[PDB]
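A.B. asks: I'd like to ask some things about the structure below.
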Amino acid sequence: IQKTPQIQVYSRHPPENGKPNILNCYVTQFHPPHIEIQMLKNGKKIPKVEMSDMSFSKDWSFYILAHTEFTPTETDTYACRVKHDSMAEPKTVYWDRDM
Amino acid sequence: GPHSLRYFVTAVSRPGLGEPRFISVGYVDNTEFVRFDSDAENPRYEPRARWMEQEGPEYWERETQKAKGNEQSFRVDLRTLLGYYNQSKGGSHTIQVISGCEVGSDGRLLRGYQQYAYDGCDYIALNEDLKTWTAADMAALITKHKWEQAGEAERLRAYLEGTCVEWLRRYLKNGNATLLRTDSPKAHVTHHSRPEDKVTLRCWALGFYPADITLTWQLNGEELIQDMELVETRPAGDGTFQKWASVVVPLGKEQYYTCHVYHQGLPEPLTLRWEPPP
Amino acid sequence: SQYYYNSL
């Protein structure tokens with residue numbers, strides 16, 4: 001029996017167009033621990049994405065923080081795509097500036 | 001107040017991808033302070049807080065020898081469980097353990113625990129009495145019988161009541177001044193359109209430490225404990241946390257609502273409302 | 001200080 005990852009995509013600081021920032025992809029509530037996480041800009045894989053070490057919570061499920069440096073603009077689209085055995089296809093979650 | 005020392009341990013088999021991965025992470029008052037990972041070129045416990053840098057080489061050696069020893073013993077355990085559950089050698093499986101002590105302000109043990117999981121489900125646990133075991137399934141009954149015969153609960157209890165408590169005292173001495181830090185949340189309200197004559201007010205709490213926080217919206221002095229959306233509290237990535245709670249309100253009535261932010265770092269809860277730009 | 005774990 002497997003647990004499906006919950007995902008949040010969000011900036012470290014309130015985003016201001018033109019100002020360097022960090023985009024986070026926080027992935028939780030998954031088991032088994034093997035997982036594949038990509039961050040995407042305008043549909044294309046972002047090359048330098050850093051990954052926290054993986055940890056787990058008292059319910060046994062794993063969690064990890066992926067992050068990358070970015071400078072937001074009015075029109076650039078960002079997403080986090082997650083591949084896990086609990087899901088039949090990879091899940092893509094889009095960054096919403098307001099969330 | 002209360003303190004704790006816990007180790008979270010993971011062993012994951014990887015048939016056809018090499019030896020099982022073994023990770024052990026220690027926490028003081030829920031903060032990571034040591035880590036061992038078998039996938040490093042030279043596996044060793046490493047400090048994960050600056051105040052651990054004080055411990056001399058004999059400490060790191062002793063700790064690392066326990067980790068390497070259990071890495072190998074957990075490798076065997078994974079094979080042992082394949083037999084208990086009649087599973088094939090081709091799949092990946094996980095053993096997880098949470099161990100440790102919570103101590104009160106008086107230095108007495110409040111709770112000692114030793115909880116195992118196999119493939120993310122409860123396997124075996126030490127009872128609150130620190131003397132008996134709870135086996136979650138048939139397989140865990142085999143381990144239980146091995147342990148009751150070995151007098152394992154007594155060895156473990158000694159660790160939980162003695163070793164663990166004493167080392168927690170030592171770590172806190174070195175770490176208290178760092179561990180004590182709390183960052184109170186900074187809050188602001190944002191305004192977003194909804195269809196028709198409604199708007200979303202979103203109350204943000206940023207920059208806070210201990211993750212624990214409560215956000216509420218009120219109309220008058222009554223809490224809107226329904227129709228309010230929120231997110232799970234999340235790391236900013238710099239050691240601080242974020243959360244928000246939103247409500248849908250009538251256009252023109254934004255000033256009738258107030259957000260309440262409750263945190264341990266706040267002497268009194270924050271009160272705020274939507275304010276249009278200066 | 002890590003506990004030295006028993007076997008399953």
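One is the number of the first residue shown, and numbering goes on along the chain from there.
Cβ from N, Cα, C; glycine included.
I grabbed these lines from Swiss-Prot:
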type	residues	note
DISULFID	B:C101-B:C164	disulfide bond
DISULFID	B:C203-B:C259	disulfide bond
DOMAIN	B:185-273	domain 'Ig-like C1-type'
CARBOHYD	B:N86	N-linked glycosylation site
CARBOHYD	B:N176	N-linked glycosylation site
REGION	B:91-182	region 'Alpha-2'
REGION	B:183-274	region 'Alpha-3'
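Thinking about packing and proximity, how do these listed features fit into the structure?
C.D. replies: Cβ neighbours within 10 Å of B:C101 (disulfide bond), excluding its own Cβ and spanning all shown chains: 23.
Over all protein chains present, the Cβ of B:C203 (disulfide bond) has 27 other Cβ atoms lying within 10 Å.
B:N86 (N-linked glycosylation site) falls within neither a helix nor a strand when secondary structure is assigned with DSSP, and so counts as coil. Residues near B:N86 (N-linked glycosylation site) in space but far in sequence (CB under 8 A, at least 6 apart, same chain): none are found.
Listed in sequence order, there are no same-chain residues at least 6 apart in sequence whose CB falls under 8 Å from the CB of B:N176 (N-linked glycosylation site).
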A.B. asks: Measuring Cα to Cα, tell me the gap between B:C203 (disulfide bond) and B:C164 (disulfide bond) in whole angstrom.
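C.D. replies: Rounded to the nearest whole number, the Cα-Cα distance is 41 Å.
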A.B. asks: Compute the C-alpha separation of B:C101 (disulfide bond) from B:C259 (disulfide bond), stating it in Å without decimals.
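C.D. replies: Roughly 37 Å, rounded to the nearest whole number.
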A.B. asks: Please list, in sequence order, the residues in the chain of B:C164 (disulfide bond) that are at least six apart in sequence and whose C-beta is under 8 Å away from its C-beta.
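C.D. replies: Those within reach of B:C164 (disulfide bond), by Cβ under 8 Å and sequence separation of 6 or more, are B:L5, B:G100, B:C101, B:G112.
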